[PDB]
Structure formats: structure tokens, C-alpha cells
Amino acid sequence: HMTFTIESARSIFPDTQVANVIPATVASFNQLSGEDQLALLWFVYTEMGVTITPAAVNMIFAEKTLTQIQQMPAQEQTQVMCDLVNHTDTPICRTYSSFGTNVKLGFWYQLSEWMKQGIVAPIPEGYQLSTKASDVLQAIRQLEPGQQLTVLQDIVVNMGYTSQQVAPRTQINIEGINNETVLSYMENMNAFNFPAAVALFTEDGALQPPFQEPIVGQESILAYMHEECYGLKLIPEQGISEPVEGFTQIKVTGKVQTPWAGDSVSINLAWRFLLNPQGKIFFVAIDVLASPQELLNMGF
């Protein structure tokens, strides 16, 4: 007999208002053809109004592949960027799938810079998207920047073909709760003390990133934290705590800022924790919350 499994833990606070327009838009994007995809991504990225810094984040992992692409003629450069978006089995697509999330993003950032400088073949002057791609572009363009950044990240991480400094903890407050395991988690994540944060989990515990599967076990969670969590700033604001079957479930809402955009952009999140009777994190889900505008729209 078990009171909770990882699977059943995923459904805690089931009426959380998740921004399902994000994966909805990604699914629509994945129905478009390679050329429409690349041109759409160029317009999203360039028209977002957000300055992207690589500086606060990595690139040494991508440099050999980047040099390769830089040396290719324009015809081959564009084909490579089509293999990536189309998920074609190629050496470069397999190498890309081994990059960490932030390495993938740095990869694409450098190509974006080279396209501006005419070192990498640009999107053709005036290339006209299909009507369908034009509808996907406009839905992306309407989203708040932080949600567009999430769309892009999700698309970038899924391209290709699949075959640092610790601060001391500083005090943080969350109105409405007094849970030390939650506060330890948030403060250790802000300090980039990822071994300390992971130590709060049960050995069989999981962390569920937004719109992704649970990452199970401390070794895996730590690797993920190394890959994706450096330079994040977590700004939990408020919470509720409820006892359930001798466990505690805690929902916290607030924001994160990514080092890609600094303090110019804040993404609205929920964190959904299930703690065991000993105060260990059995499960935590992070969700991107729907805006008031998106809730309205996805009714009426």
C-alpha cells in the first residue's frame, strides 16, 4: 500500500490555472513545414522587444559545431538549420541533441547574430509565410514576452535528433506559509546551491518542469539543476499549505527571471510541493500560470 506515487502527486492543486496556450501554440507550430518554422522563429525572436544577454548564463560546448556551420557555404548552412527544425537524423542533429538547454539556446543566439552580420545565410528577403504559419506567428506575438520565451525554449530544446559559484542563503519571505523546506528550496535555488536543494528531496522524489515529465531521483534532479537553473532568480510571493494523509501539500505563486532576459521579464509561476511526514520533498511541479487575458480568451 502507498499513500502517494509520483504519478498521483502530479495532480495536487488540480485547478491551478496553467498557461496551456503555450503547448497549444507549440503543437500548432509542429504542424508547419521547416521553411515556415525557421522564418516564423526569426520574426518571433527579432520582434519580441526583449534584449537577450548570453553573458549571465556555456558556449564552449557548441563552438566546434558553430565553427563548422560558419565555414559552410550558405546553401549548406540553411540545410543544417532545416535538419535541426525538421528533426532529421544527421551528425549535427545528434550532436545538438547532446547539448544542455542553455547550450542549445546559446547555439541559436550565435547563429542569430551571424545572420544579422551576413556570416550565416539569413531568412530570404521578404519570404512569405503560408497563411497557417502567419496565424501561428500572430498567436505567438500576442503572448507576454516571458511566455514567448517559453514557446521558443520549448521549440529549441526539441530540435535535432535523439538517437559555478554558490552564495550563502539569504532570507526570503512568502506570505501565508511558514514551511522551512519550501524556504530552504527557494533560497538554495537562488544561491545556486543545487546539492543543498536536492538534499531536501526524498531519494525517490521528483521535480516536474513546466509542460515536461517528472525528473526522478536526486542524481537526475541535480544534473537538471546544473543544466538549466544557473542564474535564475526565484521570487515566490504567496502560498497555502494543506495537510493530506499525513503529507503536506503547498502551493506557492510568484515569478522567476531568467538570466537570458534579466529583470526586464518576469514569468508568473506556481510551485506545487508535496512533502512527506518528515518534511522531505516527495514531488514539486513548476507551472507557467495563465494570464487573466488568457483565461478570458480560452473561454469566450
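When you see a residue number, it is the position in the sequence shown, counting from 1.
- Coordinates are given for every deposited residue between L38 and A39; the gap count there is zero.
- Per the record, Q75 and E76 are directly connected, as no deposited residue between them is missing from the model.
- Stretch comparison (169-177 versus 149-157) by mean CA B-factor in the PDB entry places 169-177 on top.
- Averaged over their C-alpha atoms, the temperature factors of 45-53 and 255-263 are higher for 45-53.
- Of the candidates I69, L269, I250, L32, the PDB record gives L32 the highest C-alpha temperature factor.
- Across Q138, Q79, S112, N188, the entry's maximum B-factor at the CA atom is seen for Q138.
- When the modelled residues of the chain are ordered by their C-alpha B factor, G205 lands in the middle third.
- In the deposited entry, the Cα temperature factor of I60 places it in the highest third of its chain's modelled residues.
- In the deposited entry, the Cα temperature factor of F107 sits in the bottom third of values across the chain's modelled residues.
- Looking at the C-alpha B-factors along this chain, the one for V244 belongs to the highest third.
- Among all modelled residues in its chain, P14 ranks in the middle third by Cα B-factor.
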